[PDB]
Amino acid sequence: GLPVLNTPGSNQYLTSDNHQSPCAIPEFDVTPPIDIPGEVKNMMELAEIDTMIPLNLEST
Amino acid sequence: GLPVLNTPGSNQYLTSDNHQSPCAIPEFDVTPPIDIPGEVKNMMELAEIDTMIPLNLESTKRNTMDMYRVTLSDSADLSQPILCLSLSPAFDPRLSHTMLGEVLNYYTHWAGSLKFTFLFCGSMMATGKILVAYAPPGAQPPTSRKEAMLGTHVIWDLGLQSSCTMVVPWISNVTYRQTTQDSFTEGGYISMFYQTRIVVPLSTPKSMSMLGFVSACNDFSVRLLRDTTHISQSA
Amino acid sequence: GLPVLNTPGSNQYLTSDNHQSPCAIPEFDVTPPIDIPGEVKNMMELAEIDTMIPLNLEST
Amino acid sequence: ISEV
Amino acid sequence: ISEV
Amino acid sequence: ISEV
Amino acid sequence: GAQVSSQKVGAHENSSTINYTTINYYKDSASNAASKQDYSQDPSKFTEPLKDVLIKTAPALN
Amino acid sequence: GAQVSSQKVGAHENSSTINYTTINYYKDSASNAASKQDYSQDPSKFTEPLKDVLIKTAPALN
Amino acid sequence: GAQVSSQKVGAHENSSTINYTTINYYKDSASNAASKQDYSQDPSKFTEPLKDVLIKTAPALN
Amino acid sequence: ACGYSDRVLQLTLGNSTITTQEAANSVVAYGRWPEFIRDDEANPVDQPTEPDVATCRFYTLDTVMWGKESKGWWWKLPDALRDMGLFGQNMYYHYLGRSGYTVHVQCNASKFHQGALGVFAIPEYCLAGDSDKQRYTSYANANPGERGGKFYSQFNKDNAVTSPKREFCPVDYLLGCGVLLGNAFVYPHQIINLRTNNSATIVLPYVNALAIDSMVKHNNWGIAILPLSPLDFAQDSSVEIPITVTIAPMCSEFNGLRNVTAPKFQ
Amino acid sequence: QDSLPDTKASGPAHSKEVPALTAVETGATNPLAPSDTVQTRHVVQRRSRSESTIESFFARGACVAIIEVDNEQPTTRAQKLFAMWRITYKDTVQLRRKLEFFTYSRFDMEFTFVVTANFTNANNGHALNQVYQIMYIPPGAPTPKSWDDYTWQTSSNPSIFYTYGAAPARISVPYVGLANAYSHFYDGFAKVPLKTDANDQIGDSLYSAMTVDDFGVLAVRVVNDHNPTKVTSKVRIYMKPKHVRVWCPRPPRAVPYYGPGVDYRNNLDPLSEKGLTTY
Amino acid sequence: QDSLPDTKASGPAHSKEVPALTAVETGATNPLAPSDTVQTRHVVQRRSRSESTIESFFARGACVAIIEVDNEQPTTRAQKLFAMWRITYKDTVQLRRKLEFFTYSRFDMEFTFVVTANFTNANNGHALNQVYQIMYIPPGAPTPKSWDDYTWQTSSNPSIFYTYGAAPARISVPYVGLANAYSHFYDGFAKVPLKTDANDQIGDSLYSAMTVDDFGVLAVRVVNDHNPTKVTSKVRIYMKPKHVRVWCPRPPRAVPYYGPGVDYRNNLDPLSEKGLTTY
Amino acid sequence: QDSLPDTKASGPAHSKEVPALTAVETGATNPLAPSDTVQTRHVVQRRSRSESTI
Ligand SMILES: CCCCCCCCCCCCC/C=C/[C@@H](O)[C@H](N)CO
Ligand SMILES: CCCCCCCCCCCCC/C=C/[C@@H](O)[C@H](N)CO
Ligand SMILES: *C(=O)CCCCCCCCCCCCC
Ligand SMILES: *C(=O)CCCCCCCCCCCCC
Ligand SMILES: *C(=O)CCCCCCCCCCCCC
């Protein structure tokens, strides 16, 4: 019986939290990765690629 | 009072969890084990034992001893297939109830090579050559020997070694196929044709049975445990 | 706030459990033992003493 | 700690 | 502790 | 433990 | 203050000395759980409380 | 009494051996969780229980 | 099995490397939290996927 | 060179020898040869009797005939040997008994006959009953002795709910117990396919959840012989050929001697 | 390291080694690999059988019982103020069938209890939170005759007192078998009729049954005295085998179960119709 | 150390190095920095891209489903005593659009379940606290036909039993794809019509769909028997990808989604009006 | 280590040691084991009295 005291925040769900949880399909044999071309590591890599500006937003 | 904060998941019961719990009969004097023959360590060991295929599920044959017997004879139409079957080992009705099909029906995905062994039960005086083939999916299912022989095949010569094994190599796009029937993960076609014909001398039976067996090769695995459709219970 | 997750079994009372609990009379000066004759360590010691069998359970 |  |  |  | 002891294993998984850990959280020993690592003794004080204890192969009355 | 073992990692974050820790809290081994670190064996006792086991390239009946 | 890493401190109290501790409690790596210690890479495979990559001071068409 | 073949075998136990010139090797069930109880697996404390050559020898049961309409035969062990010489006497004089077995099934025909028998050795071969009442087969009916029993092609429920037969009704494609016959190959087995061999030899260790048990109350192994492919010959419609079963106890030991058990069979 | 074997590259053959021919009469399965009958490439195999170990095949709580117990005024009629369940996995079919792929087993057992309650009457006031007592009564101990007689004192039997709304209760039990393994199949009787028996009833017993009381019963009651409104509860029991060893594989059950033995009765036709030459 | 590069001081230029001119025809973006076209000072840069890593962009629980389930007396009509949801991220739009910045992905998935209930009728007494069973049924397993048939025994499928009022339930799932990455876009069919097919239905399949059942379904029920008053509940499911890798970036969806494929139908005019020379 | 004692193997006897006779008048229980009155085999005993400690 380790004595414990529950603090504020207990039992809430914050959608940006980062916690562990039980795995529902234990010991699953995961398919290993292969080297697909085109991997992205940061969303700012996409903002560094030139894309064409819709400069002319006149009526027609 | 160690300060603690309860996270999402608290007080749920997940039936696949793996936790400790208090022992209700403490200090019980357990009976020690003895060495019983026949211990099993993995369910795939059972899928590697050949079990007999119910190849003949025609009307009057299904659910009788005759579902296991395929008739070969010296007057068979040599242009027609002896048998045709899809490679859906947990779903095709000829394969789903073999020991291999019964174990795969507790899993969602399967992968690996399979081997079909056929036993000739004619008399010793009967001879014959048979072509058994496997067509990876995507083309028309073989209707003639001419089409069947363009895929993977074994030509069996009947003789003192009574049986012949064809291995269906794992040839797949996905890394694991589904155990239900799905065209995205379909496995192909097995067909069998006479290569010459059964020949017997006089005073010999002109018809005889062939029996077929299936098992997994050593590269076979299954994953994602699930309930089987093969047992139920009414209210 | 150590993050914790309560498992099945939480808040049950199993009468054969074996846990710690707070002492209601703290710092009590316990009377020490003395060596009384006749100590028993295991109930099977009592089953090893011969006791007389009621062999004759006829009516009277 | 003390293993026994 | 005992790593394995 | 392993500090990183 | 963790005490580590061996469990006496009954059924074994297809996976040795398995240990368990105990820490006492209270000052009063009455708060402690039971360790159940209990020794036993000889029943002689009840089964043979004789002044001259004789060997079972010899006559009891000599 | 903490046992530390390696996890077999499936999906990897864009960040190696990741470990997990286990402590048994109960004296009775029936209380323990399953370690699921299970070894396997040879199917031969079922697939080839023959007194003379022959090699697959040789004839089965000689 | 405790992993100890440094926090990147934003606001500082009027009080250095502050650390935090992590222990994985489950065998399956899918149960793990995210470490968010993520490395990055070069955008070149998207911004300059050219067979002859030229230097920005030189003419693009020579 | 000198000529040893896995088709030609001699088995000698006690004062009995078997030869076969058309075997298909031999099976040792679960890879375990029989053995005596080891001291560290022992449970009754009295000194066991081990009759050795007096009981561990080949006993041949009555021959059965295989015809075109035969559905199959089954025997249980030790029951099929309960009346065999000094094996039966030791079995009934002792509360506890343990034994492994060599089973040799014999069926010769000719090069113009065809057919295939499946010979399966099943640990704890529970069979299904003949009625709506569950687990109701009586002791005398569950234990036919050397006579064995037969399989049927269909479930014929006993309806004389007045004087119930209390018999098994083993349906053949369900292996007499609610599973499909095709999967019986997970059990130790051989096939006597007449074009290939004329006998099956299977060595059975003692298998049970206990080191020794009551042989009178409990059968450890069942032997099931079913025509996987039916008998046929020339063009005759009533060919019949014998099937003879010869079984030898192995590593027999018995504990708990007292007066003899005399079961009521009739 | 748990991956399956790699595929070896192999090329053409013209030889006297013939792995494709065999004789299944011997009782053996031909151990071929694709490289014995076709040309293969080298494949570094990474798949594993992690999820079909005996432990992972059984590592799920499966429902084995639904026990109904009421809390209402003790009338003179038959009520369900306490309920008793003889412990078994044969009242449901799904876990029974998985265990019966094997003849013998040895394991510890985890029981998790899910308890749900509801009102039955539109309204006679309400009810305060209920506490449930689940007492294990081993073969031989006295069984309760009423919901509050002396047996519920539980001085030696283990009991769980569960509070409604708390996380499902859970306990583990060791391997408690009388033999060195549990027998899923017992080809025998607990009694033998002898020639000297006075009548035929004396040596009669059920085929394939062993002890009479097996593992005993769970007796469940609501500890609270009754409220004016009636409250019905159900206790669902989930069993999970853990630390599992199994021996002697068997064909799985192919036709519906008919009782605790191997008897069958209907739906003896498990296979469907399919033409011999239809894909 | 994760800061972005420092700005270098640079002065005037009069030279043949011309970084400001380029040819976008080559397919490349000109990698200029401000010091290539203006005079800059030195700046020690401390900003970082910590919050736009692939893991931080997806590290949020996003609502993907609202499942409604009732607890009331089983009548003969169509009721919602249990509900089934085919697992997908395409029933809502917000997480779908973020994943579809990429063609392929590989990740583990955390599911958190928020459950809320309410009375519907002014009053027919009340209800005792409900327990919910969320059972995962993988492609091929039997699906329930009624809220308490045998499939709910769940011997092999995983289930969560959630108690109303407890913290939201939460579980993780591994990368369960059949391929080496999940395909967010599949330019193809699951079947091909062949010339020898008996009719056109045989080879017909939906464009860009792969398997039929995909990941299976979640079957939800209230485990309690009904009270006299009806209680309606909703289960909201939040998915968070964790341990994320993604490949091959794509333009984001610019017009409303119209189904699970890339089809469009209305509001095909995403850009507003603005004069060419209006700031 | 808490198992009960092993059974020792013992054979026939023809002697003046008579463990089967005793005099309960003394107040003592005769400490016999099965090998004092019958022929026994060796048994490695693994049972324990773990559950009947006080
Ligand atoms: C407070 C609740 C305590 C619950 C205690 C339950 C004790 C009994 C556990 C039994 C597990 C049974 C598994 C089945 C065994 C059977 O197959 C065989 N008939 C045994 O030979
Ligand atoms: C007890 C609750 C268990 C819940 C188990 C859920 C298992 C399924 C997880 C699926 C995560 C799906 C992510 C999406 C993948 C798709 O993009 C692609 N169609 C796959 O090629
Ligand atoms: C021996 O005790 C060495 C240190 C053990 C460290 C773990 C302690 C866990 C917390 C105990 C708190 C007791 C109540 C304040
Ligand atoms: C091995 O166990 C070494 C010490 C581990 C220290 C952490 C212990 C955490 C508390 C365990 C308490 C068990 C029940 C009293
Ligand atoms: C590395 O793990 C060294 C030991 C860390 C000791 C503290 C452990 C806290 C408890 C972890 C329990 C995990 C679930 C049984």
B:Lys129-L:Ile66 pseudo-label distance in nm [points 7 Å out on the Cα-to-Cβ vector]: 7.1 nm
message: Quick check: from the Cα gyration tensor, does chain L come out rounded (a/c under 1.5), prolate or oblate?
response: prolate
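What is the magnitude of the charge dipole of chain J about its Cα centre, with +1 placed on the Cβ of each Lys and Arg, -1 on the Cβ of each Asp and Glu, and no other charges, expressed in debye to the nearest 20?
About 480 debye.
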- prompt: In a shell of Cβ-Cβ distance under 15 Å around K:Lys242, excluding K:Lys242 itself, what net charge do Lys and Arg (+1) and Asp and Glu (-1) give?
  reply: 0
task: Evaluate the protein assembly as shown: find the radius of gyration of its Cα atoms, find its Kirkwood radius, and give the ratio Rg to Rh.
output: 1.01
- line: Cα extents of region K:133-235 per principal axis, largest first, Å, are 61, 31, 26
For chain B, built as a Gaussian network whose Cα springs stay under 10 Å, the top-fluctuating residue of B:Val132, B:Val30, B:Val40: B:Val30
task: Within 10 Å of each residue's Cβ, count the other Cβ atoms and sort J:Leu228, L:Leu128 from fewest upward.
output: L:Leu128, J:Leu228
task: Under a cut-off of 24 Å between alpha-carbon atoms, report the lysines in cross-link reach of J:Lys150, not counting same-chain residues fewer than 8 places apart.
output: B:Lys61, J:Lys68, J:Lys71, J:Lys76, J:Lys133, J:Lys165, J:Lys217, J:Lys264
Closest-to-axis residue of chain H (Cβ criterion, axis taking H to I), whole Å: H:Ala2, 8
message: Once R0 is set to 60 Å, what does the formula 1/(1 + (r/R0)^6) return for the Cβ-Cβ distance between I:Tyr25 and B:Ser203, expressed as a FRET efficiency to the nearest 0.05?
response: 0.20
task: For J:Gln190, list long-range residues whose amide hydrogen, built 1.01 Å from N in the peptide plane, is under 5 Å from its own amide hydrogen.
output: J:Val119
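Over chain H, how many pairs of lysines fall under 26 Å by alpha carbon, counting only those 8 or more apart in sequence or from different chains?
4
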- line: Using alpha-carbon positions, the gyration tensor of chain B gives root eigenvalues a ≥ b ≥ c; with a/c under 1.5 called rounded, otherwise prolate if a/b exceeds b/c, else oblate, the class is prolate
- prompt: Any number yet on Rg/Rh for chain A, C-alpha, Kirkwood?
  reply: 1.24
- request: Using the 7 Å Cα-to-Cβ label point, sort the distances from G:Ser6 to its equivalents in the other copies shortest first and give them in nm to one decimal.
  value: 2.8, 4.6
- request: Shortest first and in nm with one decimal, please list how far the H:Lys51 label point sits from its counterparts in the other copies (point 7 Å along Cα→Cβ).
  value: 7.2, 7.2
field: Residues listed by number, region L:20-34, amide nitrogen under 19 Å from I:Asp42 label point at 7 Å toward C-beta
entry: L:27-33
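Can you compute the helix-only [θ] at 222 nm over the protein assembly as shown? Use -39500 (n - 2.57) per DSSP H run of at least 4 residues, normalise by all residues, nearest 500 deg cm²/dmol.
Roughly -1000 deg cm²/dmol at 222 nm, from the helical runs in the protein assembly as shown.
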query: To the nearest 20 debye, what charge dipole does chain L have about its Cα centre, counting +1 at the Cβ of each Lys and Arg and -1 at the Cβ of each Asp and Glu?
result: 660 debye
- request: Check cross-link reach from L:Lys80 to the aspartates and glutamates: straight Cα distance under 13 Å, and skip same-chain residues fewer than eight apart.
  value: L:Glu68, L:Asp70, L:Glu72, L:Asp148
- prompt: Considering only the other residues whose Cβ falls under 13 Å of the Cβ of L:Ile67, what net charge follows from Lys and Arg at +1 and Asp and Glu at -1?
  reply: +2
query: Excluding L:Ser56 itself, what net charge comes from residues whose Cβ is under 10 Å from its Cβ, given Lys and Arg +1 and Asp and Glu -1?
result: 0
- line: With the label set 7 Å along Cα→Cβ, G:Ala33 is separated from its counterparts in the other copies, in nm and shortest first, by 1.7, 2.7
Calculated FRET value between H:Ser15 and K:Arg46, using beta carbons and R₀ = 22 Å, to 0.05: 0.55
query: What nm value, rounded to one decimal, do you get for the distance between B:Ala235 and G:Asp52 when each label is placed 7 Å out toward the C-beta?
result: 8.3 nm
- prompt: How much FRET efficiency would the formula 1/(1 + (r/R0)^6) give for J:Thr60 and J:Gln235, where r is the Cβ-Cβ distance and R0 is 25 Å, rounded to 0.05?
  reply: 0.15
field: Global form of chain J, assessed from the alpha-carbon gyration tensor, a/c cut-off 1.5
entry: oblate
- request: Using only Cα atoms, locate the centre of region J:151-221 and the centre of region L:110-141, then give the distance between them in Å, rounded to an integer.
  value: 49 Å
message: Give the separation of the Cα centroids, region C:14-60 to region L:219-279, in Å.
response: 68 Å
query: Spin-label point model (7 Å from Cα, Cβ direction): what's the J:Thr162 to K:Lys8 distance in nm?
result: 7.2 nm
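With only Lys, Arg, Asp and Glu charged, each at its Cβ (+1 for the first two, -1 for the last two), find how big the charge dipole of chain H is about the Cα centre; round to the nearest 20 debye.
For chain H, the charge dipole is close to 60 debye.
No Cβ is skipped: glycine too gets one built from the backbone with ideal geometry, and neighbour counts run over all protein chains shown. All of the numbers you see were taken from the coordinates with simple rules; none came from a lab.
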